[PDB]
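Enquirer: Right, I'll just put the structure down here and ask away after.
Cβ: placed from backbone, ideal geometry, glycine included. Neighbour counts: every protein chain shown. Read the figures in this text as sums done on the coordinates, not as results from a lab.
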Amino acid sequence: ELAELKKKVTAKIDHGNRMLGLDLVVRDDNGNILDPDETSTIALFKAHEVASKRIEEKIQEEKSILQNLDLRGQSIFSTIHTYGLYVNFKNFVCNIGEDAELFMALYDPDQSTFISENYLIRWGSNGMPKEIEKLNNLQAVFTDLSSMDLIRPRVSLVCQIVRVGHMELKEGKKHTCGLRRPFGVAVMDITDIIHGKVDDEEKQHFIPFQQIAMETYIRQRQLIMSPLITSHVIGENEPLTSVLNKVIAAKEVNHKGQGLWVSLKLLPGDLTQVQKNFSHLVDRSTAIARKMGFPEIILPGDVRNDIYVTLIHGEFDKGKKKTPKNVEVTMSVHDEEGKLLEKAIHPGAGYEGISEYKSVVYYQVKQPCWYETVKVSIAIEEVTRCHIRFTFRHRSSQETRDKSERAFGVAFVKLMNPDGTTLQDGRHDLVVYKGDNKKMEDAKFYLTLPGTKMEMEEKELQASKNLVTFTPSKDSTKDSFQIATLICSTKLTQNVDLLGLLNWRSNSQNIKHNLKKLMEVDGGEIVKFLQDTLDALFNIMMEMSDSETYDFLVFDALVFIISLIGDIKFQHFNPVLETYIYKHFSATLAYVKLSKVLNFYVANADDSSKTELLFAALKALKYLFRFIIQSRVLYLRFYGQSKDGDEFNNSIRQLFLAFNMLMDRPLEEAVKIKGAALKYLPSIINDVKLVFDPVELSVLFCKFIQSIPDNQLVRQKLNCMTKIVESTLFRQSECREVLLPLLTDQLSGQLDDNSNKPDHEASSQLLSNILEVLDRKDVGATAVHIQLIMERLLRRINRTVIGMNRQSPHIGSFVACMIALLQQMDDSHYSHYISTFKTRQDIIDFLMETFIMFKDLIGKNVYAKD
């Protein structure tokens, strides 16, 4: 809080100084007076320019906000990718006569796919809540939203309500109490609402509600001149897809006084701060909903053990009678011994679970649509030995026959696979079995019966090829069902390649196939057990190092994996990678093998199909070199001292020579590849210095960079050298007299080109950084080095500023560099060499040129009068 208040106070102070045209502040943080203490003229200039750009940004933001407040909300929502949906359920103005349940979710009309799950709230039969606790403290937050969800062309919230009570809302017969009947679906457009342009939590927008037909008072009573009506009543015979599309497309619904008051509020962030800073909207008892989707900000420790099973559609024939059988999915959780578990099914997120869960009821529909999503939570060890059954019980009109009749057909789904995998995500169909009632009740029997499409089809294929101990039973009916599985858990494995990596000892024949298929595996399923996969790869390349193609494919697979890790979506897992490097990385001889493999890679860079692989390897060199360094130091500490240190240093030197050869070969086919290789080469050498000789590394890099031709891609190599000087030059005890001449030579080559118009910024950055490392207080002796610098780094800057006397470019950087240079050196260096220049006429020319450049610098200075 102190830091943020200091920052905003300083910003407003500088804003006031700018608007009145007065003196602003310096040293934005920790004191604001610490800049004029001869700390760093370069840092002072950088503070100047960052302050100026902040001034421009704040003034343009003020100009934008003086008229419209649309950019601020978009910027706030684009700052992070973790949102929350807040529903202000005030009241539900209606009157039906049975218990009411709420089910809201997120649906995309254009993608025709649901996004979020559903949460249930107990509601009474006459517009009151069954539980008065949620009457006023109804605080719900639906998390797992990001910018890519908001960038949807049409964002809508789907709200469907299912009643609880009797079958019919009339008299004539008695019906069982405690069963569900769907009523209707209400959808509102929340496109502009989720953009946060107007914050109005008090406003409660009434949403028109559309339902299925329930009244026959006006539609059929008056029909004259042709009475011929032979039809039925459509109670629940409306497919959900078409009705949902029609409701979304509709602009107004004649609800006749039915609906509810809700307002949608978007609170950025997660439960860490919304329960403290947004306590007025998010209380402690706020329900949290987890969307069935992979997160965008994939942070470590994102615990989610939710198993989502969704019912969409299912074929149900009429059968013996013209009325199709009444089907309710009486599902329960069972272990390996078929024992019922308690509180494992959670239809609503944030509500207490139920041991047994039933489905909704349709009015004898041939192909009903369910769209029923429920969540199952089991222990990570227990879920590996659990089974789920789907018993379908026929329900009659009268309560006695409704409760006496048992499950006519029983379905089931396996949560594991014999090979080790889990149920793959995607559309899966189901087949229900009827007739016998004893073979589907003994738990030990139906463990190996067909209950899912893939296992059923593989069993029938095995029966076709070998009709022994496996035959297709004739108990199957003419009906079918469909389920949608999207398990957003952390211990599942929906990949045979994943287990093949895990248990390659069992199936080492398909190692080649596994390595080939590793190149298209989804990133999330990889990073779920990336540590295990990397350990398996390390073991594979350790104990099986006889076949060269195995090593090549393992190297390619690890390059692909580490490139995926280095992507913008997995910076949070990089600390996890480093922690695993420090704690579980047990490679001892893998470093030399990896070094030899990459030496072969660079020495054989001539292949065209190898271009992208080598580009990825060069991009991800940093982390693989971290791995190599860890393995080498582990070997050193386990063996005390390694006689292989000298040969590994020779291997590194040979790698540098191979890089020199790669630079020497024509650039016509590897422009971007060699540019990136130059870009990311010094990434690890800072850490390599800790174990390799700094003098040898410095001289090898000097030779490597002096071998670079000076005719192609000057800005890229200048940026590479900017990164070079930034790193390890502060450790100047052995890299002053070898690195400074290199910088001097490169700047001298930069000097006279007549095309240095964009190179000015790079030269300014180089000068700034070298001056920084020269004036650092943790350096020590810099007398002779600064002496040589002022010997050959003053006439050239004088000449450059004379050339760029034009007032358009960023002269101020050069001005800061030259003033820092002139002030840093004391009179001793001037007397030693600046006064000891060449012949008298030439020094007179020098003096007059200096006077001219001085009067031009002072004459019409081009600062921003700030």
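Enquirer: Can you tell me which residue is farthest from the chain's Cα centre (by Cα) among those in region 478-500 that are more than 27 Å from residue 381 (Cα to Cα) and part of a loop (DSSP other than H, G, I, E, B)?
Expert: 478
Enquirer: Sticking with this structure for a sec: Among the residues of region 799-810, are any without any contact (Cβ under 8 Å) to a residue 24 or more places away in the chain, closer than 24 Å to residue 855 by Cα, small (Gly, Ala, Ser) and in a helix (DSSP H, G or I)? Steps first, please.
Expert: Within region 799-810, the subset without any contact (Cβ under 8 Å) to a residue 24 or more places away in the chain is 803, 806, 808.
Restricting the remaining residues to those that are closer than 24 Å to residue 855 by Cα gives 803, 806, 808.
Narrowing further to those that are small (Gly, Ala, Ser): 803, 808.
Pick out the ones that are also in a helix (DSSP H, G or I) and you get 803.
Yes, region 799-810 has at least one match.
Enquirer: Residues of region 684-700 being more than 13 Å from residue 739 (Cβ to Cβ) and over 37 Å from the mean Cα position of the chain (by Cα), which ones?
Expert: 693, 696
Enquirer: Here's a follow-up. Please go through region 401-424 and give me each residue that is of a type in the set (D, E, K, R), closer than 17 Å to residue 457 by Cβ and surrounded by fewer than 16 Cβ atoms within 10 Å (Cβ to Cβ), ordered by number.
Expert: In the first step, residues of region 401-424 are kept if they are of a type in the set (D, E, K, R); the result is 401-403, 405-406, 414, 419.
Okay, now just the ones that are also closer than 17 Å to residue 457 by Cβ, so 414, 419.
419 - this is the single residue of region 401-424 that is of a type in the set (D, E, K, R), closer than 17 Å to residue 457 by Cβ and surrounded by fewer than 16 Cβ atoms within 10 Å (Cβ to Cβ).
Enquirer: Moving on to the next point. Taking the condition in contact (Cβ under 8 Å) with a residue 40 or more places away in the chain, over 28 Å from residue 706 (Cβ atoms) and part of a helix (DSSP H, G or I), does residue 638 pass?
Expert: yes
Enquirer: Find the residue count for region 565-602, including only residues that are more than 15 Å from residue 630 (Cβ to Cβ), charged (D, E, K, R) and either in a loop (DSSP other than H, G, I, E, B) or within 25 Å of the chain's Cα centre (by Cα) (or both).
Expert: Counting residues in region 565-602 that are more than 15 Å from residue 630 (Cβ to Cβ), charged (D, E, K, R) and either in a loop (DSSP other than H, G, I, E, B) or within 25 Å of the chain's Cα centre (by Cα) (or both) gives 2.
Enquirer: Moving to a separate point now. Among (1) part of a loop (DSSP other than H, G, I, E, B); (2) of a type in the set (S, T, N, Q); (3) within 34 Å of the chain's Cα centre (by Cα), there is one condition residue 32 misses while meeting the rest; what is its number?
Expert: (3)
Enquirer: So, in region 57-93, exactly how many residues are part of a helix (DSSP H, G or I) and under 32 Å from the mean Cα position of the chain (by Cα)?
Expert: Of all residues in region 57-93, those part of a helix (DSSP H, G or I) come to 57-65, 71-79.
Now narrow it down to the ones that are under 32 Å from the mean Cα position of the chain (by Cα): 57-58, 60-61, 64-65, 71-79.
Within region 57-93, residues that are part of a helix (DSSP H, G or I) and under 32 Å from the mean Cα position of the chain (by Cα) number 15.
Enquirer: Here's something else I'd like to know. Examine region 425-433 for a residue that is among the aromatic types (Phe, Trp, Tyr), part of a helix (DSSP H, G or I) and crowded, with 17+ Cβ neighbours inside 10 Å, and state whether such a residue exists.
Expert: Looking through region 425-433, none of the residues is among the aromatic types (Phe, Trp, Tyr), part of a helix (DSSP H, G or I) and crowded, with 17+ Cβ neighbours inside 10 Å.
Enquirer: Given the options 336, 356, name the one that is closer than 30 Å to residue 168 by Cβ and either in contact with a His (Cβ under 7 Å, 6 or more places away or on another chain) or charged (D, E, K, R) (or both).
Expert: 356
Enquirer: Condition first: free of Cβ contacts under 8 Å to residues at least 12 places away in the same chain and either more than 11 Å from residue 40 (Cβ to Cβ) or surrounded by 14 or more Cβ atoms within 10 Å (Cβ to Cβ) (or both). Now tell me which residues in region 766-782 satisfy that.
Expert: Correct list: 781 only.
Enquirer: How many residues are exposed (fewer than 14 other Cβ atoms within 10 Å of the Cβ), in a loop (DSSP other than H, G, I, E, B) and under 44 Å from the mean Cα position of the chain (by Cα) if we restrict to region 435-477?
Expert: So the answer is 2.
Enquirer: Here is a further query. Considering only region 94-147, state which residues are within 17 Å of residue 166 (Cβ to Cβ), assigned to a strand (DSSP E or B) and of a type in the set (S, T, N, Q).
Expert: Result: no residue meets the conditions.
Enquirer: While we're on this one: Scan region 7-24 for residues that are of a type in the set (D, E, K, R) and more than 32 Å from the chain's Cα centre (by Cα) and jot them down.
Expert: 12, 14, 18, 23
Enquirer: Further question on the same structure: Taking residue 823, is it part of a helix (DSSP H, G or I) and not basic (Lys, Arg)?
Expert: Answer is yes for this residue.
Enquirer: Look at residue 796 and say whether it is outside any loop (DSSP other than H, G, I, E, B), out of contact with any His (no Cβ under 9 Å at 6 or more places or on another chain), of a type in the set (D, E, K, R) and closer than 25 Å to residue 759 by Cα.
Expert: For residue 796, the condition - outside any loop (DSSP other than H, G, I, E, B), out of contact with any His (no Cβ under 9 Å at 6 or more places or on another chain), of a type in the set (D, E, K, R) and closer than 25 Å to residue 759 by Cα - is met.
Enquirer: Moving on. So residue 663 fits all but one of (1) over 14 Å from residue 731 (Cβ atoms); (2) in a helix (DSSP H, G or I); (3) out of contact with any helix residue (DSSP H, G or I) (no Cβ under 8 Å at 6 or more places or on another chain); what number is the exception?
Expert: The single condition residue 663 does not satisfy is (3).
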